[PDB]
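Enquirer: Build the 3D model from these lines:
(3 chains)
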Amino acid sequence: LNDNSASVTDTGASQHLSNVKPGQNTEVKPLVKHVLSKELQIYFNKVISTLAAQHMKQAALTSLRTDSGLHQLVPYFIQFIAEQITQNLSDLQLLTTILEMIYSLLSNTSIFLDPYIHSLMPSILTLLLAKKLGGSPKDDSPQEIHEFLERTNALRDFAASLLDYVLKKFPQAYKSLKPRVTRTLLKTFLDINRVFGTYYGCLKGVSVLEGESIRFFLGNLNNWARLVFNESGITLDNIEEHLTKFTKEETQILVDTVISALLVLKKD
Amino acid sequence: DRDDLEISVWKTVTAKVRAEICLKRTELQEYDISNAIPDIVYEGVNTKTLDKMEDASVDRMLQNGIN
Amino acid sequence: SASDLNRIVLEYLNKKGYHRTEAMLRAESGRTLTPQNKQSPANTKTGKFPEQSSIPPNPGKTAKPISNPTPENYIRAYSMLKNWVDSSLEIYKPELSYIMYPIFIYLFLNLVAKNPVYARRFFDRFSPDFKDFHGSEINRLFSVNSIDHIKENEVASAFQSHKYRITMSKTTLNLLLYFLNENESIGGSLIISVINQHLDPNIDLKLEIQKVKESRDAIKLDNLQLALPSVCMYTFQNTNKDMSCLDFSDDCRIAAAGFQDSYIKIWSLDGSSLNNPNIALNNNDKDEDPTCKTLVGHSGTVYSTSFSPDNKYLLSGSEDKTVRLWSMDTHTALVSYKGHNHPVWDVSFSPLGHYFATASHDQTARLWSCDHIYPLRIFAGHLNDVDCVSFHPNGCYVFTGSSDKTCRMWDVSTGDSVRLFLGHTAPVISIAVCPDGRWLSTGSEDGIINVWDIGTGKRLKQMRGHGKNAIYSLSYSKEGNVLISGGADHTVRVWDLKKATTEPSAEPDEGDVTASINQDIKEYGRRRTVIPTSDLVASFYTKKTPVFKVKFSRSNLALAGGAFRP
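Expert: Numbers count the residues shown, from 1 in each chain, chains lettered A, B, ... in the order given. Take a look:
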């Protein structure tokens, strides 16, 4: 079931040159709703509705992880993962459950997931580098600031350790998602006008890389610190109450996490 | 957050197709799920070795006429 | 002339000593199909490993296929959980680093009471990892080797009274329960019994495991649907029609191709070094390594080649009357195997890698062993020569197809044929038996595949989509029945085994345009065209290269392989 003064110098020079460079397509058919049997979509709605009741959630997670025969529903899962990520980007328990079912499908060794590597990496790279994740910080309280910060940092620390799981599950796609992901992180990291949590996700994604690539961020870290922390001629003495974008706690988190990954380059 | 060129032009030139895609899912591009080919860890040489043999033969002409 | 054959059968049974009721019941047993075994590939909940008891196989102590229905030591049952928690530097790592100690301690203290030498294996196998975490307690547990040694160590005797407390979260407890429920008979139930009887989890436990099993039963896939595989094709270029049948290893890192000029060519399919350098690295970068090694031990043309499931040895059968063994990590020959006087056409290892079967021109198949120079069984009874050979997936029967339009199933111990399958019209060239084991499939040189069931021995159905030509290889889906046939008409075809049988295999509920018009063109003529069965679903053509090999990997990705012909 497949899908059943000249203007030709643009449909031939940049429509079949900037399309033949990323592969080629002949219209694989996702949706007519005749391609799934009755029991298959019964199982599909029974697993998508449950994602006393944590037992059913873990049963659905393990049924995604271990059972075989869901090679037809695997494009319908990455659709209803992406819409519950880019449409419901405020609830951290649902984003945690969606990352759990991402990890559960990513451990199923009885389904082929190498086609879908490019439509599953932006979910991991957007729950790691979001401008906002919770969105409702419940402000006018430093305790609530710290609680919302830990609640939104748990998702960064989980999605960063799901990016390292997919850089090892698919080693045949090396030199096709290692430079792409480190280029995404180098592009998102090298600016001033971003929120703290995006920088934290960037540095944790740097941490879940390895080797000379971390050394590749050694040179452009000094000017990054001099722009994001404002050491305009400082003599490192009044550092506790000097700085301008951040607060003291998240600057301490940044100086902690920037050497939490720098220890890998001096242990060898 | 407007000083990035390649992300701003990607927001502008794709702003019509992504609205239709996200309205279709609740029922160049990198998130059309069905039409994607994976990548191989190693594919063999089929054209580069021809020109490699040709400029290697030119290199054997370049070594001052020794066969 | 079949009613006369029925009468000859009835008179044969009457003269060979079968009672009238007994002959009627053996006829009724012969007619009905082999029923469904629900543990068909032995699913890892209710399925067990084969015994490693150093005896050869024996198909006795076994009831009939017609009738309806169908110890596990502590070191592997702990190493399962050890590797499962060791494969994760995730957010749930240090909680498993916490809970890994008392399960090991209680398994050791429950195993010293039964087997002391297995306990001495089990203690020193997993000793030096948490010595810095748990102090000199494991040094105190050096002197426990018997039941009376437990009374010497006061903390070991207290471990029966003092139930070890552990405060565990709900997600970690549910993760452990749903991991140790998904595979009981490996040792998950043995871990669960120790957890239930010796531990103190802070948050009844039997009701919790009952809820785990019931919610795990509430959502499964009962009847599977088909899936179309992704085929990765390996095309070999500069072989001037002098490359015979090739094979891929498992992990798909090595390819082996037998040439007409007595080489075996070994390709690293990843572009790797394939030099096995072994960090010393003495000398010889002066040689030319094109990531490819050649093996020169034969004096005839290599007609078959087979990889071990261990993947460290290669078995090459030639037209000089030997089968040779090669080490895939030093690239030399090890053993020559001389038991044939005609050319060797199909070598094939066992499932468990124990002993290999061989096909040759002398109309006999031969069973071997990798430690014996000369054969062990002779499989004789075919009229023409044997072309293909294959084992049952338990390694207990042998299947041989031959050029007299038939194939046979042989007992591996008594040697004599158990089944003879008739119905083909051409030399059987490739044979394969499903991972269920109840159905046999083979392809001839007439382009017709067909499936029988091994209980009845008669034909369920056939497959009529290939060209009137050879079907070079055959492969099966790992879980379920989807047949992948790579033949000589440059196509790789996909076949549903469960259409015309009593198992329909979950058809879709609700049409096409290309269906039933492609072979309704028939420009070449009705009698000069092929008409496919209702079982054929897809067919991937390769554009002027033929496919010698299909090898279905574990994850719905098949690999095809062949040589670019002109």
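Enquirer: Counting neighbours, what do you get for residue 37?
Expert: No chain specified, so I'll use chain A. 20 (other C-beta atoms under 10 Å in any protein chain shown). From N, CA and C alone the C-beta is placed, and that goes for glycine too.
Enquirer: Please refer instead to chain C.
Expert: Burial of residue C:37 is recorded as 14 neighbouring residues (other C-beta under 10 Å).
Enquirer: For residue B:42, see how far away the residue of the stretch 101-250 of chain A found nearest chain C is.
Expert: Of all residues in the stretch 101-250 of chain A, the one sitting closest to chain C is residue A:112 (4.5 Å; C-beta to the nearest C-beta). The gap separating residue A:112 from residue B:42 is 19 Å, by C-beta to C-beta, to the nearest Å.
Enquirer: more neighbours, those two?
Expert: Under the criterion of other C-beta under 10 Å, the comparison of residue A:112 against residue B:42 puts residue A:112 first, with 18 against 11.
Enquirer: Tell me, how many residues neighbour the nearest residue to the more buried one once chain neighbours are set aside?
Expert: In space, and not counting its chain neighbours, residue A:112 is closest to residue C:556: 4.5 Å by C-beta to C-beta, 6 or more residues apart in numbering or on different chains. Applying other C-beta under 10 Å, we find 21 other residues in the vicinity of residue C:556.
Enquirer: near chain A, which residues of chain B show up?
Expert: Residues of chain B found near chain A (C-beta under 8 Å from any C-beta of the partner chain) are B:1, B:3-4, B:22, B:25-26, B:28, B:30-41.
Enquirer: What's the ChimeraX line that selects buried ones from the residues you listed?
Expert: Restricted to buried positions by 16 or more other C-beta atoms under 10 Å in any protein chain shown, the ChimeraX selection for the residues of chain B next to chain A reads:
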select /B:31,33,35,36,38,39,41
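Enquirer: Please list which of the residues of chain B next to chain A are also close to chain C.
Expert: Applying C-beta under 8 Å from any C-beta to these, those adjacent to chain C are B:38, B:40, B:41.
Enquirer: Just confirm the last one contacts residue C:270, I think it does.
Expert: Yes: using C-beta atoms under 8 Å, residue B:41 and residue C:270 qualify as a contacting pair, with a distance of 5.4 Å.
Enquirer: okay, now residue 263: neighbour count?
Expert: You didn't pick a chain, so chain A it is. Number of residues near residue A:263 (other C-beta under 10 Å) recorded here: 10.
Enquirer: try again with chain C
Expert: Neighbours of residue C:263 under the rule other C-beta under 10 Å: 18.
Enquirer: what about the residue nearest to it when sequence neighbours are not counted, is that helix, strand or coil?
Expert: Counting by C-beta to C-beta, 6+ apart, residue C:294 is the residue found nearest to residue C:263 once chain neighbours are left out, at 5.1 Å. State at residue C:294, reduced to three classes by DSSP: H, G, I helix; E, B strand; the rest coil: strand.
Enquirer: Show me what the longest strand along chain C packs onto, helices and strands only.
Expert: When chain C is parsed with DSSP state E, its longest strand is strand C:372-380. In terms of contacts (3 or more C-beta pairs under 8 Å, 6 or more residues apart in numbering or on different chains; DSSP states H and E), strand C:372-380 is packed against strand C:332-337, strand C:364-369, strand C:406-411.
Enquirer: hmm, 6 Å instead?
Expert: Packing contacts for strand C:372-380, counted by 3 or more C-beta pairs under 6 Å, 6 or more residues apart in numbering or on different chains; DSSP states H and E, involve strand C:364-369.
Enquirer: Only alpha carbons, please: show the strand it packs on as PDB.
Expert: What follows is strand C:364-369, C-alpha atoms only, in PDB (Å, rounded to 0.1, in the frame of the first residue of the first chain):
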ATOM      1  CA  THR C 364      23.400 -39.100   1.200                       C
ATOM      2  CA  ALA C 365      23.500 -36.500   3.900                       C
ATOM      3  CA  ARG C 366      26.000 -36.900   6.700                       C
ATOM      4  CA  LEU C 367      25.900 -35.800  10.300                       C
ATOM      5  CA  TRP C 368      29.200 -34.700  11.800                       C
ATOM      6  CA  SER C 369      30.600 -33.100  14.900                       C
END
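Enquirer: Residues in contact with that strand: which ones?
Expert: C:339, C:355-359, C:375-380, C:386, C:389, C:400 (C-beta atoms under 6 Å, 6 or more residues apart in numbering or on different chains).
Enquirer: How about stretch C:275-286?
Expert: Here stretch C:275-286 makes contact (C-beta under 6 Å, 6+ apart) with C:289, C:329.
Enquirer: so how far is the first residue of it from its last?
Expert: 13 Å (C-alpha to C-alpha, to the nearest Å).
Enquirer: cool, and stretch A:225-240?
Expert: Stretch A:225-240 has an end-to-end distance of 16 Å (criterion: C-alpha to C-alpha).
Enquirer: ok, now which ones touch residue C:183?
Expert: Neighbours of residue C:183 in contact, by C-beta under 6 Å, 6+ apart: residue C:44.
Enquirer: The helix ranked longest in chain C: what's the following helix or strand?
Expert: Longest helix in chain C, counting residues (DSSP state H): helix C:93-111. Sequence order places helix C:116-125 as the next helix or strand after helix C:93-111, per DSSP states H and E.
Enquirer: quick one: that following helix to helix C:93-111, angle?
Expert: With axes from the mean of the first three to the mean of the last three C-alpha atoms, to 10 degrees defining the directions, helix C:116-125 sits at 160 degrees from helix C:93-111.
Enquirer: Run the chain-centre distance for helix C:116-125.
Expert: Distance of helix C:116-125 from the chain centroid (C-alpha atoms, centre = their mean, to the nearest Å) equals 32 Å.
Enquirer: Run a quick neighbour tally on the closest residue to residue C:45 other than its chain neighbours.
Expert: Using C-beta to C-beta, 6+ apart and skipping the chain neighbours, the partner closest in space to residue C:45 is residue C:184 (5.2 Å). Residues within reach of residue C:184, counting by other C-beta under 10 Å, total 17.
Enquirer: what's the following helix or strand past the longest strand of chain C in contact with?
Expert: Next in sequence after strand C:372-380, counting helices and strands by DSSP H and E, comes strand C:386-391. Strand C:386-391 has contacts (C-beta under 6 Å, 6+ apart) with C:346, C:348, C:350-351, C:357, C:359, C:365, C:398-403, C:429-431.
Enquirer: C-terminal to strand C:386-391, which secondary structure element comes first?
Expert: Next along from strand C:386-391, by DSSP H and E: strand C:397-402.
Enquirer: I'd like the C-alpha coordinates of that following strand written as PDB, please.
Expert: Presented in PDB, the C-alpha positions along strand C:397-402 are these (Å, rounded to 0.1, in the frame of the first residue of the first chain):
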ATOM      1  CA  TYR C 397      15.700 -33.600  13.500                       C
ATOM      2  CA  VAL C 398      17.300 -33.000  10.100                       C
ATOM      3  CA  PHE C 399      15.600 -31.900   7.000                       C
ATOM      4  CA  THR C 400      17.100 -32.700   3.600                       C
ATOM      5  CA  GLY C 401      15.700 -31.800   0.200                       C
ATOM      6  CA  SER C 402      16.900 -33.600  -2.900                       C
END
